[PDB]
Amino acid sequence: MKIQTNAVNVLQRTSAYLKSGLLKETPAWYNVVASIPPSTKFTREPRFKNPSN
Amino acid sequence: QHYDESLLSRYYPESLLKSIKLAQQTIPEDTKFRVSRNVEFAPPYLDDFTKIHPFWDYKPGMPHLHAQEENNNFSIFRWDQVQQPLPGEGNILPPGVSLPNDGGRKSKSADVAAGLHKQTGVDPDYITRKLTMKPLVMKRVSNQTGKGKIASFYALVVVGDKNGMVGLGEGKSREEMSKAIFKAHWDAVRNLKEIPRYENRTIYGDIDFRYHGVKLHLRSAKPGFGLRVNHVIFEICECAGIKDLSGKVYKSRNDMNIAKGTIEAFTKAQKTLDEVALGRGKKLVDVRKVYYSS
Amino acid sequence: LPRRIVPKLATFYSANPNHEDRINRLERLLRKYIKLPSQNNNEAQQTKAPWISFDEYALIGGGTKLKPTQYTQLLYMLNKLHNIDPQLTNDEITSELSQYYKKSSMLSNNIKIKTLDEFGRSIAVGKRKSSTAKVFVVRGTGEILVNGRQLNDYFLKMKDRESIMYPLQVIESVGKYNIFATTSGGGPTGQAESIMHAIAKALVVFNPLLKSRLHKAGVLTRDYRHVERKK
Amino acid sequence: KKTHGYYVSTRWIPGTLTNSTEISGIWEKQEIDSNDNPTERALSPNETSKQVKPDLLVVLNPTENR
RNA sequence: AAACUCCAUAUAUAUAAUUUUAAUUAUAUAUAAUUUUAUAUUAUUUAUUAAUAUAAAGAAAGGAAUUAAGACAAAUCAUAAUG
Ligand SMILES: [Mg+2]
């Protein structure tokens, strides 16, 4: 499945609603998500050692 | 209970006192009244029957089966109005319903703004005042069924505030084209998106985007260049707030797919200077803007 | 100080928030009183379970959203709480269950115990086809009169006479009662079986413990078959 | 219960959030103060039809809740 | 649409100065069932379940009306009506 973009950018899409005025009131989650950014890299990571042996 | 004439004469009219006196001399005080469970003679509410109700009683002077006046003594000589208006407030408006006093003052934009606010929480004022709607495709489609060809109206519209926010909406209705446009206007507001704009007038660089069979080649333009693009792209740029743009469409020139392709290109094919700088850890300078700075 | 609008029920986002909230309240009681023993007279099948009807519960349990299986789940928990030992039950359980008990107390029944009249006679009416019969049963020695005439005179068919005797044969009281039967309408078969039905209904006053045997024999059931206009 | 939140354990009705007015409009809302105590103020029919959207959704089994 | 219903059936109340007598009746109103309950067995998706039997309770066992669409350009210009 394609790497989704819209689930991790709710803060940025919401911020456009507030700046334009389409959304009058800031949501309660808005401040919490802004202070705790989601991880949005979704990359494959190399590994150089077998942790067991 | 039997009451003295004095008491009864302070509540009931004199004309009715004789009847009350005769009834209190014929019905013994120890009468045990029984309730009839076959025939309901009296009304379901209490009533002394001393006053004639203007609505629930027969109108005095009107002819009817139980009219007591002689046929030459009726007093209804005007027949242009309803004789017995409704009682009380004068209406039977169901609780929770409003009198349709004004019709045609309803605005499809205001109907979209009210419904969307209740369904999604968007501000009605912004929709009814800040947004501009432009139909892009309006055609009739048909489905072949056993009963016969069923026609439907298809409407593709674009909405935007001319300040970066633009949305595309589609709507279908078997009844009329106006209903299809209302649904498309409703859908477009729900799909509103922000598009990056360089200096709030144009796009960042050039875009070569493929949306299905549509090949879109969009080039950024100098200030005052204007919109020199396919007519479908022109309308979207107007709503989105793009003022300067050049470009060509190759292969498929289907209006519907050009509009969707353009919206997709403006979001998925652009990168702001700020986003490029942060990703690369470099400073990007607009030479033209620096040349006119202090 | 600042005020906000929030869903009333914790189950707001469920399919039937009203039913789920009620089930949760009952489930809490069944958890808090898990240890309380249940009635051992439940084996004796205590005849107490006046629970509200599915339609009545739909007023409080989501209306159209209410599903039959959801109503079945409410009854399984209402009965389990109800079947807790009466001595060891508490107010909390009874209060919660009170809201689910059907209410038909404002009105009363219309049935008055049947008793023998001033002359020791049990009077019952019976109907079969177009015939009707009013019988007077008294304690006696087996004497029968039909419309003032001897049984063999009025009813020529022995099968009709045997039908009249059958209810008395079931309770083995053929020689213990005198019957004065009066009948009108229909024919011999309708009248004989209308008398049969009326004797069975009149014999219950003398010993109400034999009603079950009369019902099982089929003599207390009114035959509904009548001539039907062809359609 | 311990977060003064909400839960759904039986079935997520498709459209609960996007079609909230046709699914959740009939259910009752309430006004509460900063202490989460019911204010008891009667709500206008306008306030009782507005979508009440969750601020945060926690999903235990996302593979079955696409 | 089903149904709700109306009819039939069972019962209750009211009415009849029981010679308009059929009071074993007449006809108004209301009630009742789409029956219910437990028990063993057999299957199950085994559960807050079905198919059976069994005991218990009950008078309780039957009908109705109407239409949603479309076809036969089926009958009727002689039931009447129109070009
Ligand atoms: Mg008589």
# chains A, B, ... in the order shown; residues from 1 in each chain; ligands from 1

call {"tool": "residues_near_ligand", "arguments": {"ligand": "ligand 1", "cutoff": "7 Å", "atoms": "only C-alpha atoms (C1' of nucleotides) and all ligand atoms", "output": "PDB file with N, CA, C and O atoms (P, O5', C5', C4', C3', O3' and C1' of nucleotides), in the first residue's frame"}}
result
ATOM      1  P     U E  18     -89.072  -7.194  32.427  1.00  0.00           P
ATOM      2  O5'   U E  18     -88.681  -8.085  31.166  1.00  0.00           O
ATOM      3  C5'   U E  18     -89.308  -7.886  29.904  1.00  0.00           C
ATOM      4  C4'   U E  18     -89.378  -9.168  29.112  1.00  0.00           C
ATOM      5  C3'   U E  18     -90.349 -10.216  29.649  1.00  0.00           C
ATOM      6  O3'   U E  18     -90.890 -10.969  28.563  1.00  0.00           O
ATOM      7  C1'   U E  18     -88.160 -11.093  29.681  1.00  0.00           C
ATOM      8  P     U E  21     -92.901 -11.766  20.602  1.00  0.00           P
ATOM      9  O5'   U E  21     -91.745 -12.408  21.489  1.00  0.00           O
ATOM     10  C5'   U E  21     -90.808 -13.319  20.924  1.00  0.00           C
ATOM     11  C4'   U E  21     -90.101 -14.124  21.986  1.00  0.00           C
ATOM     12  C3'   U E  21     -91.016 -14.710  23.063  1.00  0.00           C
ATOM     13  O3'   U E  21     -90.497 -15.951  23.547  1.00  0.00           O
ATOM     14  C1'   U E  21     -89.455 -13.268  24.070  1.00  0.00           C
ATOM     15  P     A E  22     -90.120 -17.149  22.544  1.00  0.00           P
ATOM     16  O5'   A E  22     -88.559 -16.947  22.300  1.00  0.00           O
ATOM     17  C5'   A E  22     -87.678 -18.057  22.239  1.00  0.00           C
ATOM     18  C4'   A E  22     -86.321 -17.656  21.720  1.00  0.00           C
ATOM     19  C3'   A E  22     -85.501 -16.737  22.614  1.00  0.00           C
ATOM     20  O3'   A E  22     -84.823 -17.436  23.643  1.00  0.00           O
ATOM     21  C1'   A E  22     -85.489 -15.897  20.410  1.00  0.00           C
ATOM     22  P     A E  23     -85.109 -17.094  25.187  1.00  0.00           P
ATOM     23  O5'   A E  23     -84.218 -15.806  25.473  1.00  0.00           O
ATOM     24  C5'   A E  23     -82.843 -15.775  25.106  1.00  0.00           C
ATOM     25  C4'   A E  23     -81.965 -15.304  26.238  1.00  0.00           C
ATOM     26  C3'   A E  23     -82.243 -15.947  27.596  1.00  0.00           C
ATOM     27  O3'   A E  23     -81.021 -16.101  28.316  1.00  0.00           O
ATOM     28  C1'   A E  23     -82.495 -13.614  27.769  1.00  0.00           C
TER      29        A E  23
END

call {"tool": "select_by_dssp", "arguments": {"residues": "chain C", "states": "strand (DSSP E)", "output": "count of residues only"}}
result
31

call {"tool": "interface_residues", "arguments": {"of": "chain D", "to": "chain A", "cutoff": "12 Å", "atoms": "only C-alpha atoms", "output": "mmCIF file with N, CA and C atoms, in the first residue's frame"}}
result
data_model
loop_
_atom_site.group_PDB
_atom_site.id
_atom_site.type_symbol
_atom_site.label_atom_id
_atom_site.label_comp_id
_atom_site.auth_asym_id
_atom_site.auth_seq_id
_atom_site.Cartn_x
_atom_site.Cartn_y
_atom_site.Cartn_z
ATOM 1 N N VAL D 52 -20.567 16.086 16.622
ATOM 2 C CA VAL D 52 -19.655 16.067 17.758
ATOM 3 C C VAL D 52 -18.517 15.127 17.379
ATOM 4 N N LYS D 53 -17.412 15.701 16.919
ATOM 5 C CA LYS D 53 -16.293 14.934 16.393
ATOM 6 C C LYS D 53 -15.290 14.608 17.500
ATOM 7 N N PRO D 54 -14.793 13.372 17.577
ATOM 8 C CA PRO D 54 -13.747 13.066 18.562
ATOM 9 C C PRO D 54 -12.486 13.877 18.312
ATOM 10 N N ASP D 55 -11.822 14.262 19.403
ATOM 11 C CA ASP D 55 -10.533 14.933 19.299
ATOM 12 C C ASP D 55 -9.376 13.958 19.139
ATOM 13 N N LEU D 56 -9.576 12.687 19.479
ATOM 14 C CA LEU D 56 -8.517 11.691 19.388
ATOM 15 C C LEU D 56 -9.161 10.318 19.307
ATOM 16 N N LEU D 57 -8.707 9.505 18.358
ATOM 17 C CA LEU D 57 -9.229 8.161 18.146
ATOM 18 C C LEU D 57 -8.123 7.150 18.422
#

call {"tool": "residues_around", "arguments": {"residues": "region 39-49 of chain A", "least_positions_apart": "6", "cutoff": "12 Å", "atoms": "only C-alpha atoms (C1' of nucleotides)", "output": "ChimeraX atom specification"}}
result
/A:2-10,33

call {"tool": "write_last_selection", "arguments": {"atoms": "N, CA, C and O atoms", "output": "mmCIF file, in the first residue's frame"}}
result
data_model
loop_
_atom_site.group_PDB
_atom_site.id
_atom_site.type_symbol
_atom_site.label_atom_id
_atom_site.label_comp_id
_atom_site.auth_asym_id
_atom_site.auth_seq_id
_atom_site.Cartn_x
_atom_site.Cartn_y
_atom_site.Cartn_z
ATOM 1 N N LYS A 2 0.403 2.295 -0.669
ATOM 2 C CA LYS A 2 1.169 3.529 -0.764
ATOM 3 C C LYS A 2 1.365 4.157 0.610
ATOM 4 O O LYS A 2 0.489 4.084 1.476
ATOM 5 N N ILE A 3 2.526 4.779 0.808
ATOM 6 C CA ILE A 3 2.787 5.541 2.025
ATOM 7 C C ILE A 3 1.780 6.681 2.098
ATOM 8 O O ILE A 3 1.784 7.586 1.257
ATOM 9 N N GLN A 4 0.910 6.637 3.100
ATOM 10 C CA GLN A 4 -0.124 7.650 3.244
ATOM 11 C C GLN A 4 0.472 8.962 3.735
ATOM 12 O O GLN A 4 1.404 8.977 4.542
ATOM 13 N N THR A 5 -0.071 10.069 3.234
ATOM 14 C CA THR A 5 0.362 11.399 3.643
ATOM 15 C C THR A 5 -0.627 12.106 4.557
ATOM 16 O O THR A 5 -0.209 12.915 5.392
ATOM 17 N N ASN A 6 -1.924 11.827 4.426
ATOM 18 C CA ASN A 6 -2.932 12.643 5.088
ATOM 19 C C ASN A 6 -3.119 12.309 6.563
ATOM 20 O O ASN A 6 -3.693 13.124 7.293
ATOM 21 N N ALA A 7 -2.658 11.147 7.025
ATOM 22 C CA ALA A 7 -2.827 10.811 8.434
ATOM 23 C C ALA A 7 -1.835 11.543 9.328
ATOM 24 O O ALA A 7 -2.171 11.878 10.468
ATOM 25 N N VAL A 8 -0.615 11.796 8.843
ATOM 26 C CA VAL A 8 0.410 12.436 9.668
ATOM 27 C C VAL A 8 0.427 13.952 9.536
ATOM 28 O O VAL A 8 1.138 14.619 10.304
ATOM 29 N N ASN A 9 -0.324 14.523 8.592
ATOM 30 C CA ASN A 9 -0.322 15.960 8.353
ATOM 31 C C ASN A 9 -1.619 16.627 8.801
ATOM 32 O O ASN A 9 -1.944 17.720 8.327
ATOM 33 N N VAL A 10 -2.367 15.992 9.705
ATOM 34 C CA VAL A 10 -3.631 16.569 10.156
ATOM 35 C C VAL A 10 -3.404 17.963 10.722
ATOM 36 O O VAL A 10 -4.244 18.857 10.570
ATOM 37 N N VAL A 33 -0.798 18.156 19.384
ATOM 38 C CA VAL A 33 -0.087 17.579 18.248
ATOM 39 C C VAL A 33 1.063 18.483 17.818
ATOM 40 O O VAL A 33 2.126 18.003 17.409
#

call {"tool": "interface_residues", "arguments": {"of": "chain E", "to": "chain B", "cutoff": "9 Å", "atoms": "only C-alpha atoms (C1' of nucleotides)", "output": "ChimeraX atom specification"}}
result
/E:13-14,28-30

call {"tool": "interface_residues", "arguments": {"of": "chain A", "to": "chain B", "cutoff": "10 Å", "atoms": "only C-alpha atoms", "output": "list in words"}}
result
residues 12, 13, 15, 16, 17, 20, 21, 22, 23, 24 and 25 of chain A

call {"tool": "write_last_selection", "arguments": {"atoms": "C-alpha atoms", "output": "mmCIF file, in the first residue's frame"}}
result
data_model
loop_
_atom_site.group_PDB
_atom_site.id
_atom_site.type_symbol
_atom_site.label_atom_id
_atom_site.label_comp_id
_atom_site.auth_asym_id
_atom_site.auth_seq_id
_atom_site.Cartn_x
_atom_site.Cartn_y
_atom_site.Cartn_z
ATOM 1 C CA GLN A 12 -0.915 21.153 8.706
ATOM 2 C CA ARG A 13 -4.252 20.629 6.955
ATOM 3 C CA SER A 15 -3.755 24.923 10.211
ATOM 4 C CA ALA A 16 -4.858 25.889 6.699
ATOM 5 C CA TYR A 17 -8.508 25.684 7.762
ATOM 6 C CA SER A 20 -8.212 30.906 6.013
ATOM 7 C CA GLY A 21 -11.145 31.067 8.433
ATOM 8 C CA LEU A 22 -12.959 27.950 7.223
ATOM 9 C CA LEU A 23 -12.651 26.617 10.793
ATOM 10 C CA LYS A 24 -13.433 29.247 13.419
ATOM 11 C CA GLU A 25 -12.311 27.411 16.571
#

call {"tool": "interface_residues", "arguments": {"of": "chain C", "to": "chain D", "cutoff": "8 Å", "atoms": "only C-alpha atoms", "output": "PyMOL selection string"}}
result
chain C and resi 1-15+17

call {"tool": "write_last_selection", "arguments": {"atoms": "C-alpha atoms", "output": "compact mmCIF listing (two decimals), in the first residue's frame"}}
result
# COMPACT_ATOMS: atom_id res chain seq x y z
CA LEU C 1 -16.22 27.85 34.06
CA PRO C 2 -15.81 27.36 30.29
CA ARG C 3 -18.59 25.14 28.96
CA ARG C 4 -18.62 22.64 26.09
CA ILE C 5 -21.04 20.20 24.48
CA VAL C 6 -20.15 16.52 24.85
CA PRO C 7 -21.99 13.27 24.11
CA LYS C 8 -24.16 12.24 27.04
CA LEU C 9 -23.42 8.49 26.93
CA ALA C 10 -20.05 6.75 26.91
CA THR C 11 -21.51 4.54 24.15
CA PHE C 12 -22.50 7.49 21.92
CA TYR C 13 -20.46 6.26 18.94
CA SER C 14 -21.82 2.70 19.12
CA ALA C 15 -24.63 1.36 16.94
CA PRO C 17 -25.84 3.88 22.46

call {"tool": "closest_residue", "arguments": {"among": "B:94, B:61, B:28, B:115", "to": "chain D", "atoms": "only C-alpha atoms"}}
result
B:115

call {"tool": "atom_distance", "arguments": {"atom1": "CA of residue 121 (chain C)", "atom2": "CA of residue 136 (chain C)"}}
result
5.9 Å

call {"tool": "residues_around", "arguments": {"residues": "region 50-55 of chain E", "least_positions_apart": "5", "cutoff": "9 Å", "atoms": "only C-alpha atoms (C1' of nucleotides)", "output": "list in words"}}
result
residues 38, 39, 40, 41, 42, 43 and 44 of chain E

call {"tool": "select_by_dssp", "arguments": {"residues": "chain A", "states": "helix (DSSP H, G or I)", "output": "PyMOL selection string"}}
result
chain A and resi 10-20+28-35

call {"tool": "residues_around", "arguments": {"residues": "residue 222 (chain C)", "least_positions_apart": "2", "cutoff": "9 Å", "atoms": "only C-alpha atoms (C1' of nucleotides)", "output": "number ranges by chain"}}
result
C: 126-128, 194, 197, 218-220, 224; E: 9-10, 59-61

call {"tool": "atom_distance", "arguments": {"atom1": "CA of residue 77 (chain B)", "atom2": "CA of residue 55 (chain B)"}}
result
18.8 Å

call {"tool": "residues_around", "arguments": {"residues": "residue 113 (chain C)", "least_positions_apart": "5", "cutoff": "12 Å", "atoms": "only C-alpha atoms (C1' of nucleotides)", "output": "list in words"}}
result
residues 204, 205 and 208 of chain C

call {"tool": "interface_residues", "arguments": {"of": "chain D", "to": "chain B", "cutoff": "8 Å", "atoms": "only C-alpha atoms", "output": "ChimeraX atom specification"}}
result
/D:18-21,49-51

call {"tool": "write_last_selection", "arguments": {"atoms": "C-alpha atoms", "output": "short mmCIF file (atom, residue, chain, number, x, y, z; two decimals), in the first residue's frame"}}
result
data_model
loop_
_atom_site.label_atom_id
_atom_site.label_comp_id
_atom_site.auth_asym_id
_atom_site.auth_seq_id
_atom_site.Cartn_x
_atom_site.Cartn_y
_atom_site.Cartn_z
CA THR D 18 -18.27 11.49 7.62
CA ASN D 19 -22.04 10.82 7.81
CA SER D 20 -22.47 11.76 11.47
CA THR D 21 -25.80 13.56 11.04
CA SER D 49 -27.80 18.29 15.71
CA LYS D 50 -24.25 19.60 15.24
CA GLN D 51 -21.61 16.95 14.62
#

call {"tool": "interface_residues", "arguments": {"of": "chain E", "to": "chain C", "cutoff": "6 Å", "atoms": "only C-alpha atoms (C1' of nucleotides)", "output": "PDB file with C-alpha atoms (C1' of nucleotides), in the first residue's frame"}}
result
ATOM      1  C1'   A E  12     -67.057  -8.468  30.552  1.00  0.00           C
ATOM      2  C1'   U E  24     -80.512 -20.541  24.728  1.00  0.00           C
ATOM      3  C1'   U E  48     -29.294 -15.471  25.705  1.00  0.00           C
ATOM      4  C1'   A E  59     -62.340 -20.743  24.388  1.00  0.00           C
TER       5        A E  59
END

call {"tool": "atom_distance", "arguments": {"atom1": "CA of residue 62 (chain B)", "atom2": "CA of residue 80 (chain B)"}}
result
14.2 Å
